[PDB]
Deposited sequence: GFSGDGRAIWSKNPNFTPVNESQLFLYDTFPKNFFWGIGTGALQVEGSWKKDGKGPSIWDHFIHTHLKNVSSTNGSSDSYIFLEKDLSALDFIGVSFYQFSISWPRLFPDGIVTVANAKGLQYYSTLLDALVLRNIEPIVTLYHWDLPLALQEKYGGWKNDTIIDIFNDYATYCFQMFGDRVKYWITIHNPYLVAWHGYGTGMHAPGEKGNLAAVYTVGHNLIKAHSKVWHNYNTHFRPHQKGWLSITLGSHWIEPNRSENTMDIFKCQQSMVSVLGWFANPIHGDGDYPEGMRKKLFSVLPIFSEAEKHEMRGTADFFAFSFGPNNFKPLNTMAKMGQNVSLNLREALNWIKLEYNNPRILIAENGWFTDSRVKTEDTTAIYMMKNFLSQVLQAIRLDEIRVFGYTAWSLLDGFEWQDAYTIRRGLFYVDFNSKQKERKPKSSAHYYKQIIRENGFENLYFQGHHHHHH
């Protein structure tokens, strides 16, 4: 009962921008976040130069899998896929080689919010539909280069935030704000880019490689203000559809946006053609779900419809099961954060992990939901977007002030290691 099922995929994850550092190094092009940090707000975890140290941390914890992201501007400084930066290509190939040697399966994310600055300047980034084809070129290059030792792929990490914080609130790069059409045009392009990459993979790479490709959709959970009030519940459903349903319906559903959304955003939300509806759907090989701090904080992140934000991971999983025909689910990101001043005794992180892991096991055994994997979020402390170093998400502690930047396991790291050994608690 308390132990997880046999053959359960345990893993940890990171993002390129958060941990890599070396933003100028070896001919890497600047990203929109690079520009954003200089304009609106070092070296972080220095993973680029301390790759061996990260691998030791992975070894220590005992994870069966590792999720990282490839920096698009580190491969192609100008965005366009012509001649890749050879030093950057070796780093990601070395990492994959490193992981295969220690039987650790990689999950590779093509896009973790670091759009090359060149593309944003020249075309307006995800506002232009031109970059759908450029993104496909980038994805194509990656499947050719890394696909023989990669079985798991994620095209875009949390497209909701990319579109909403990037163009709705301005809290994320590129910092655009005040045009709701831009928000939804960006979401349209993100969805289309993902579908095109999936079709590309399915046709050209799947027969030889036989991998699994998805998109990581993040969300929050909401509970009614009055437990039985049906109107409250209806408002909750709207909140869920506004975040999760926006991308999940086109991709895991009928190929079109939620009906509620189409009425509400009549002259703003773009229209999918009938041909497009067929091509958008069925383009994810699993349901990659993100349930973390990015979808809960700050309070302008989501529309609550005046209801109660909730951290019920179990209920969220049931929502996916009911709305999206009970799919296989991988927890693409899960965890919480601590204050920067908390170094190694992160008791809250252990509680949080224990809280969340118990809910996942509940969902498998009691609710018959096919969650086959779990990615604990943040291998090491890094640069947490607008929050920078004010918060900490890692299992391993990193002193940014120190030149050495050694990875020091926290209580959560020892706990997660324990959890994997016992495959439960």
| field | Sequence order list of spans that the model leaves without C-alpha positions, deposited numbering | value | 1-26, 68-73, 458-470
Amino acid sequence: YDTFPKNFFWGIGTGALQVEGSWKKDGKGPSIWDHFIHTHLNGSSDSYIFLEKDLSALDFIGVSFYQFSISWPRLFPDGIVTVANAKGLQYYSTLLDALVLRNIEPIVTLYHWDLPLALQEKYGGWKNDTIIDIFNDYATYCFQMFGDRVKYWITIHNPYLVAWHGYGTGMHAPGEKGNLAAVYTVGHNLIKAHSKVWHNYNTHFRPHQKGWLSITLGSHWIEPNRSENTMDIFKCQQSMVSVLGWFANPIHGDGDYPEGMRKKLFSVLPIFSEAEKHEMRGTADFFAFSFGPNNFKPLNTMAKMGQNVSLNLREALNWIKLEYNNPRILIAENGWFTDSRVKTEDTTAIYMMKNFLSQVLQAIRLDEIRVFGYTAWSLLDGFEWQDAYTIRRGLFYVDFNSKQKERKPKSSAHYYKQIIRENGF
From here on, numbers count along this sequence of modelled residues.
| Hey, which bit's got the bigger mean C-alpha B factor in the entry, 163-171 or 344-352? | 344-352
| message | Comparing average C-alpha B factors as deposited, tell me which of 22-30 and 65-73 sits higher. | response | 22-30
| request: Specify which of 232, 105, 333, 137 carries the largest Cα B factor in the deposited PDB entry. | output: 232
| request: Using the B-factor values recorded in the entry, state whether the Cα atom of residue 382 falls in the lowest, middle or highest third among the modelled residues of its chain. | output: middle
| query | Comparing residue 80 with the other modelled residues of its chain, is its CA B-factor in the lowest, middle or highest third? | reply | middle
| query | Among the chain's modelled residues, which third holds the C-alpha B-factor of residue 176? | reply | middle
| said: Where does the C-alpha B-factor of residue 321 rank in its chain, lowest, middle or highest third? | reply: middle
| field | Among modelled residues of the same chain, the CA temperature factor third for residue 375 | value | lowest
